[PDB]
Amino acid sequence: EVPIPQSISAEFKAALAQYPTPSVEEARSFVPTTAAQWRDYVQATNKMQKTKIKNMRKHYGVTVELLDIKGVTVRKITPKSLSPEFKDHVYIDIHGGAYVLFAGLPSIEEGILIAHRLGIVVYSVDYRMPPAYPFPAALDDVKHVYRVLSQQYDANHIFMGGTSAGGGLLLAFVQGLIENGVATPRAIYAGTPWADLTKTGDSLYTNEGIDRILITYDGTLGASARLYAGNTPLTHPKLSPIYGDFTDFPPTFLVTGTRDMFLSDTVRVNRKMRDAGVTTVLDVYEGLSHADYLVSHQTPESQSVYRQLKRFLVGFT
């Protein structure tokens, strides 16, 4: 069949060995259909994640300050020391979770890694999600936070980033800034972005059962897309920003992996950006699934992701 990737770090090999190869069958059949089933999936998953966040916060020694910005919950994450290159810049993090998971403290996982590994202050947006708040609630929240932080720091001193759903939301958001004539962030990061909610990217098929994190589109992933979308067609560019326009995008850093089910959508975004004359850096990791650099963040591969992101953003300071 398929061995653990032989050329990856021994640390990452150990990480992969410790999860059983989960079941495509069991992932496909897991689909909430009632309000109580969605609520409990979300609440139980978030409770599990909150413990990880507490440990990470203590480990890296970051401060986490709970704010309200124009009615949006935001957590400001400050590392023990800051990189001099990022003086007077800040980073706005848009978390992932397939548009249904990781509200509250669980939202700040990547935000902690960014703050600590880049040495930059991070504002992680705790945006609204279905079932209660489907599209466009999350987009409205990001807009309202950016309007405040852009006035306080200047657009050209703001970096933004997000993984997975947060990456897709970010692309949709920047598309909206551009079509409304509003100044964009200096540079952005999209980690394995959910750039198309439909089952269109080839790797959704070919890395089914290979991506150890997403596993398949056909269970909660597609169902989470439909819940977020409501009666909006899934090809609407603010749901699926691959279908929007990338003209005038700020320089973008895109991360994915050879086993990632969102490999295709990440490279589709890269291609459409380059065709629009956008500056991009694509960084694809051997052997890596969707967001593996988050899931297994104490690996050389994870360190590499944030090292290369730092080098990229430093270039625009």
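One-based numbering along the sequence shown.
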The stretch carrying the higher mean Cα B factor in the deposited entry, 7-15 or 21-29, is 21-29
Quick check: 279-287 versus 46-54, which has the larger average CA B-factor in the record?
46-54
Using the entry's values, work out which of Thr192, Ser203, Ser124, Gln151 has the largest Cα B factor.
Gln151
Residue, from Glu179, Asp93, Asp218, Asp196, that the PDB entry assigns the highest Cα B-factor
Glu179
CA B-factor ranking of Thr73, expressed as a third of its chain
middle
By its CA B factor, does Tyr99 count among the lowest, middle or highest third of the modelled residues in the chain?
lowest
If you rank every modelled residue in this chain by C-alpha B factor, which third holds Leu234: lowest, middle or highest?
highest
Chain-relative C-alpha B factor for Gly222 (record values, thirds): the middle
Using the B-factors in the PDB entry, rank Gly166's C-alpha atom against the chain and give the third, lowest, middle or highest.
lowest
